[PDB]
């Protein structure tokens, strides 16, 4: 039926205290997790309506409330819990960041993935010190309910550059796709959140996040990341879709004239993207004619690259029934179930 590839479980900073190494544990006990936020005030908060659990705190913080509202509410075969901790990549201390990710991966294993069969996990790593991220991927990637690695797209340079390759080597060797998720662009020591620098308000910052993915993606393709690690899968989570055709054409046209500068590439850039990359659908783009979005998919044979997600319980939550309704049934099968069942090797 349905696999949701982006479900944000949440937790009080103090939920990680039992899993944190010293000195980082004492830090969090005294001040919470030193997240270095983007600094763009959204007024509609982040969460949707009536997702705050009974008695609980943050929306998404109660496994039982989420089994009910999401797993059985919308009949989901599997849900990939992606948490929020990958955002710590924006902070300044590489060891603090890795230690927080390490404690979260354990917490997720101990307290979430065993509470339902549908529950699967993205392991989080910090990108400031890619060597520590490789360690964590090898430490914990073997767990049978851990199906991918989650990275923030708030980095210190384009993600295709060699400083990061230890992460791709480790994930590809383990068979774990690398998911990339926005949220922290511009915070702490990451790069400016848009090519033109820092916008003034949240609506600009949010709209522009897709452009970070385009930059990172051009870097990963042209730096030959997929030539160097032919087993790598990259999943672009929550960054839009409709921009991909134009990027594909622009990048292919430049490649035709510029191939000699990038000789490790032996097929067109668009084919590397199609063969190695996936994109989640949330927040689904809404042309006035919904048929248009589908026409866009078909223009670049992207039905095998698209993964449904709800992004429960955020304000732009996508219920599966209302998304992509004019899709052929065989394409709807692929985007709602089969692409992800294959990608994560589920069942």
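Positions refer to the first chain, counted from 1.
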Of 275-283 and 64-72, the stretch whose C-alpha atoms average the higher B-factor in the entry: 64-72
Per the entry, higher mean C-alpha B factor between 318-326 and 43-51: 43-51
Highest-ranked of 187, 114, 166, 239 once sorted by CA temperature factor in the record: 114
85, 118, 235, 99, ranked by C-alpha B-factor: the highest one: 118
Third of the chain, ranked by Cα B-factor, where residue 95 sits: lowest
Ranked C-alpha temperature factor of residue 198 among modelled chain residues, by third: lowest
Among modelled residues of the same chain, the CA temperature factor third for residue 77: highest
